[PDB]
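Here's the structure, in structure tokens; my notes come after.
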Amino acid sequence: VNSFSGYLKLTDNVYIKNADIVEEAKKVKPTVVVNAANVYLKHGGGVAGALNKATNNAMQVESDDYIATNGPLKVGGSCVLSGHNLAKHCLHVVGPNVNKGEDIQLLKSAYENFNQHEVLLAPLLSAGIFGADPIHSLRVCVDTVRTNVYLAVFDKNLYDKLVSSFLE
Ligand SMILES: CC(C)[C@H](Nc1ncnc2[nH]c(C(=O)NC3CN(C)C3)cc12)c1ccc2c(c1)S(=O)(=O)CCC2
């Protein structure tokens with residue numbers, strides 16, 4: 001149904017909210033929820049772990065079956081799989097992990113995958129333990145994505161810092 005509410009409008013197509021992506025998926029019922037995935041689709045912690053746990057492990061079982069036949073994804077790449085009880089589809093997107101030496105330039109490619117979907121619920125790519133500068137990831141999102149993206153950032157201090165820096 002894509003019933004997003006309580007979001008700050010950053011541009012004509014980019015919205016942001018201090019919220020848990022899992023709780024947003026449950027209320028909004030989006031056509032697409034984006035997962036901050038790794039190349040082998042192992043959803044053990046962070047955003048991936050929260051989405052997988054909200055599907056009672058159905059996402060991980062489906063992901064293991066995909067990996068068995070198709071092998072790993074590439075950094076900057078993506079894969080559409082079922083969204084289970086959280087969405088119609090889950091778009092698993094691999095952003096670069098700069099804390100593991102991955103190229104930050106690939107973050108533009110990661111966001112480009114959002115342009116295949118009219119409207120998406122998404123986390124801020126490569127933030128958290130992936131180590132990218134969150135203000136830079138927001139700028140790559142604004143500059144790259146043309147479709148409607150609703151960003152859920154589950155940290156009030158980070159949300160306030162991003163909004164303040166964007167309004168400069
Ligand atoms: C920046 C940070 C605040 C953000 N985290 C989140 N952003 C939006 N929704 C979220 N729900 C939960 C959660 O733990 N949800 C569970 C509580 N439980 C009730 C459900 C966390 C989270 C974030 C964004 C991107 C990435 C990461 C973290 S990561 O996982 O460290 C590496 C991958 C890239």
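In the structure tokens, the first chain shown is A, the next is B, and so on; residue numbers restart at 1 for each chain, and ligands run from 1 in the order shown.
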Excluding same-chain residues fewer than 4 positions from region 40-42 of chain A, what lies within 9 Å of it counting only C-alpha atoms, as an MDAnalysis selection string? chainID A and resid 48:49 60 63:64 66:67 71:73 92
Keeping N, CA, C and O atoms, export the residues of the selection given above as a tab-separated table (two decimals), in the first residue's frame.
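The resulting file, again_0.tsv, is shown below:
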chain	number	residue	atom	x	y	z
A	48	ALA	N	20.37	-6.03	8.25
A	48	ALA	CA	20.06	-7.35	7.67
A	48	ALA	C	19.48	-8.32	8.71
A	48	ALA	O	18.47	-8.96	8.44
A	49	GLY	N	20.11	-8.37	9.87
A	49	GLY	CA	19.72	-9.22	10.98
A	49	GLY	C	18.35	-8.84	11.50
A	49	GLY	O	17.56	-9.71	11.82
A	60	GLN	N	16.56	-15.58	5.49
A	60	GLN	CA	17.87	-16.25	5.45
A	60	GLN	C	17.78	-17.58	4.69
A	60	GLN	O	18.68	-17.90	3.90
A	63	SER	N	17.54	-16.81	1.03
A	63	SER	CA	18.85	-16.30	0.62
A	63	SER	C	19.87	-17.45	0.45
A	63	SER	O	20.61	-17.46	-0.52
A	64	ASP	N	19.90	-18.41	1.38
A	64	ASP	CA	20.83	-19.55	1.27
A	64	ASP	C	20.54	-20.37	0.02
A	64	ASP	O	21.48	-20.85	-0.63
A	66	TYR	N	19.20	-19.16	-2.80
A	66	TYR	CA	19.65	-18.32	-3.91
A	66	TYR	C	21.17	-18.46	-4.07
A	66	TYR	O	21.67	-18.65	-5.18
A	67	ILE	N	21.91	-18.33	-2.94
A	67	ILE	CA	23.36	-18.41	-3.00
A	67	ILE	C	23.84	-19.78	-3.50
A	67	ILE	O	24.79	-19.86	-4.29
A	71	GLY	N	25.54	-18.22	-6.53
A	71	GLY	CA	26.79	-17.67	-6.03
A	71	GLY	C	26.61	-16.26	-5.51
A	71	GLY	O	25.52	-15.69	-5.56
A	72	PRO	N	27.71	-15.69	-4.99
A	72	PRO	CA	27.64	-14.34	-4.39
A	72	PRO	C	27.36	-13.19	-5.35
A	72	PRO	O	27.61	-13.30	-6.55
A	73	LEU	N	26.87	-12.08	-4.79
A	73	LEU	CA	26.68	-10.84	-5.53
A	73	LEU	C	28.05	-10.13	-5.62
A	73	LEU	O	29.04	-10.59	-5.03
A	92	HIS	N	17.92	-6.69	-2.07
A	92	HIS	CA	19.16	-6.84	-1.33
A	92	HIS	C	20.23	-6.06	-2.08
A	92	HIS	O	20.53	-6.43	-3.24
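A distance search around ligand 1 (6 Å at most, only C-alpha atoms and all ligand atoms) returns the following protein and nucleic acid residues: residues 20, 21, 22, 36, 46, 47, 50, 123, 124, 125, 126, 127, 128, 129, 130, 152, 153, 154 and 155 of chain A.
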Could you tell me, as number ranges by chain, which residues of chain A DSSP assigns to helix (DSSP H, G or I) when given the backbone? A: 21-28, 46-54, 58-70, 98-100, 106-116, 128-130, 134-144, 156-166
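For the choices A:87, A:140, A:151, A:122, the atom-to-atom distance to residue 105 (chain A) is smallest for A:140 when using only C-alpha atoms.
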Residue 90 (chain A) surroundings by only C-alpha atoms, 9 Å radius, close-in-sequence under 6 positions cut, as a PyMOL selection string: chain A and resi 31-35+79-84
Residues within 9 Å of residue 150 (chain A), only C-alpha atoms, excluding chain neighbours under 3 positions, as a PyMOL selection string: chain A and resi 4+7+13-17+119-123
With C-alpha atoms retained, write the just-selected residues as a CSV table (one decimal), in the first residue's frame.
chain,number,residue,atom,x,y,z
A,4,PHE,CA,4.5,6.4,4.4
A,7,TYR,CA,8.8,11.9,7.0
A,13,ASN,CA,12.0,12.4,-4.3
A,14,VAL,CA,14.0,11.8,-1.1
A,15,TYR,CA,12.4,11.6,2.4
A,16,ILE,CA,13.9,10.8,5.8
A,17,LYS,CA,12.6,9.7,9.3
A,119,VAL,CA,9.0,3.7,-4.5
A,120,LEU,CA,11.2,2.1,-1.8
A,121,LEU,CA,11.7,2.0,1.9
A,122,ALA,CA,15.5,1.9,2.6
A,123,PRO,CA,18.3,2.3,5.1
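Closest approach to residue 74 (chain A) among A:28, A:94, A:158, A:141 is made by A:94 (distances from only C-alpha atoms).
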Any chance you could list, as a ChimeraX atom specification, the residues in chain A that come up strand (DSSP E or B) when DSSP is run on the backbone? /A:8-9,14-17,32-36,78-82,89-93,119-122,148-152
Since we have the selection now, will you write its residues out, keeping C-alpha atoms, as a short mmCIF file (atom, residue, chain, number, x, y, z; two decimals), in the first residue's frame?
data_model
loop_
_atom_site.label_atom_id
_atom_site.label_comp_id
_atom_site.auth_asym_id
_atom_site.auth_seq_id
_atom_site.Cartn_x
_atom_site.Cartn_y
_atom_site.Cartn_z
CA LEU A 8 10.82 15.08 6.43
CA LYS A 9 10.94 15.98 2.69
CA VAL A 14 14.02 11.85 -1.10
CA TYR A 15 12.36 11.62 2.36
CA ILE A 16 13.91 10.83 5.80
CA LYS A 17 12.61 9.73 9.26
CA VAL A 32 9.95 -2.77 -1.87
CA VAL A 33 12.11 -2.78 1.29
CA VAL A 34 15.90 -2.46 0.76
CA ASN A 35 18.28 -4.66 2.71
CA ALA A 36 21.85 -3.45 3.47
CA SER A 78 21.68 -6.12 -6.07
CA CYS A 79 19.15 -8.97 -6.08
CA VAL A 80 15.33 -8.93 -5.87
CA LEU A 81 13.97 -11.70 -3.66
CA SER A 82 10.67 -12.10 -1.73
CA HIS A 89 9.84 -7.58 -2.54
CA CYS A 90 13.17 -7.23 -0.79
CA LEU A 91 15.87 -5.54 -2.83
CA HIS A 92 19.16 -6.84 -1.33
CA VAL A 93 21.76 -4.12 -2.13
CA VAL A 119 9.02 3.71 -4.55
CA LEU A 120 11.23 2.10 -1.84
CA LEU A 121 11.71 1.99 1.92
CA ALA A 122 15.47 1.95 2.59
CA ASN A 148 10.81 7.92 -4.52
CA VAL A 149 13.02 6.85 -1.59
CA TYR A 150 11.92 6.88 2.05
CA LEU A 151 14.97 6.60 4.32
CA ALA A 152 14.57 5.19 7.85
#
Figure out the distance between CA of residue 106 (chain A) and CA of residue 138 (chain A), please, to one decimal in Å.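 Separation of CA of residue 138 (chain A) and CA of residue 106 (chain A): 14.2 Å.
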Of the residues A:39, A:107, A:167, A:86, which is the one nearest to residue 59 (chain A), using only C-alpha atoms? A:86
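Between residue 162 (chain A) and the residues A:43, A:117, A:146, A:136, the shortest atom-to-atom distance, using only C-alpha atoms, involves A:136.
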Selected residue, from A:75, A:168, A:85, A:112, that lies nearest to residue 52 (chain A) when counting only C-alpha atoms: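 Closest to residue 52 (chain A), using only C-alpha atoms: A:85.
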